[PDB]
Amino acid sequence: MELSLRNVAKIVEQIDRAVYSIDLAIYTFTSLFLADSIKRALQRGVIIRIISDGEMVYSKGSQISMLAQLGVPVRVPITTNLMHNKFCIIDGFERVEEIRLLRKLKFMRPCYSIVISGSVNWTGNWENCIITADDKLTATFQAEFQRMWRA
């Protein structure tokens, strides 16, 4: 239970350093530490999207409603949302590039894609956490995120 504290700390820190975008796919979202980092990211101008489960979104105590009220778009598949892992994409290449077109930015702040992944908890735990900056893995996660976002 100590590694989960260390891992969450590293994840919050990664979210704090998000420049343009955060795409999060999670089964249950109860971590106050994660939810607050998303808050600070949103206040920092970062565009954030969240994909979760319809039933778990209204469970106790979910942080989804608190984030959705701040203007964070949340989409849930129906039904239900079964995943093999929860993941977070920070400044994914394709996602940042599409933001470039949306805001029509003349200049780009330097950044790079970071993928955080871990085991799904069905019942604030981040077990089997991996943090890496490989675009090969990034593009795959982004593609999966794009798919669920459509549906």
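For every residue, the number given is its place in the sequence shown, counted from 1.
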Averaging the C-alpha B factors as listed in the entry, name the stretch that ends up higher: 6 to 14 or 126 to 134.
126 to 134
Per the PDB entry, mean CA B-factor is higher for 83 to 91 or 65 to 73, namely for 65 to 73
Residue with highest C-alpha B-factor in the PDB entry, from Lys60, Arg100, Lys39, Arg49
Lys60
Return the residue from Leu105, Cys111, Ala35, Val120 that has the highest Cα B-factor in the entry.
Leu105
